[PDB]
Amino acid sequence: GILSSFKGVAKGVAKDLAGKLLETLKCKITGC
């Protein structure tokens, strides 16, 4: 389903988006 894919992944996008694009520094800082 689309909703399944979104709620599975999109639900935590607010923080994790930065985790991906800024992996070089957010994940090092926050510990993603």
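Parameters at a glance
- Residues numbered from 1 in each chain as written, not as in the entry; some residues may be left out.
- Heavy atoms only, no water.
- Helix = DSSP H or I, 4+ residues; strand = E, 2+ residues; numbered from the N terminus.
- Buried < 20%, exposed > 50% of the residue type's maximum accessible area, 1.4 Å probe, protein only.
- Areas by Shrake-Rupley, 256 points an atom, 1.4 Å probe, with all protein chains shown as cover.
- Patch = residues over 30% accessible without salt bridge, like charges linked within 9 Å, V, L, I, M, F, W, Y side chains within 5 Å.
- Salt bridge = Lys/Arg side-chain N within 4 Å of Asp/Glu carboxyl O.

- The deposited PDB record carries the title "Confirmational analysis of the broad-spectrum antibacterial peptide, rantuerin-2csa: identification of a full length helix-turn-helix motif".

## Quick look at the overall build of the protein
Logical step 1: From N to C terminus, the protein includes 3 helices and 0 strands.
Logical step 2: Sequence-ordered secondary structure for the protein, helices as α and strands as β, is α-α-α.
Logical step 3: For the protein, the spread of C-alpha atoms along the principal axes amounts to about 35 × 15 × 10 Å.
Logical step 4: When burial is assessed residue by residue, the protein has 6% of its 32 residues classed as buried.
Logical step 5: If you sum the accessible surface of the protein, you get close to 3,000 Å²; carbon and sulfur atoms cover 68% of it.

## Observations concerning a nonpolar patch on the surface
Logical step 1: Together, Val13, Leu17, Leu21, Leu22, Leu25 and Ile29 make up a nonpolar patch on the protein surface, roughly 600 Å² of accessible area in all.
Logical step 2: Of all the secondary structure elements, the ones that give two or more residues to the nonpolar patch are helix 2 (13–21) and helix 3 (23–31).
Logical step 3: Relative to the elements of secondary structure, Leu17 occurs in helix 2.
Logical step 4: You can call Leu17 partly exposed: its relative accessible area is 46%.

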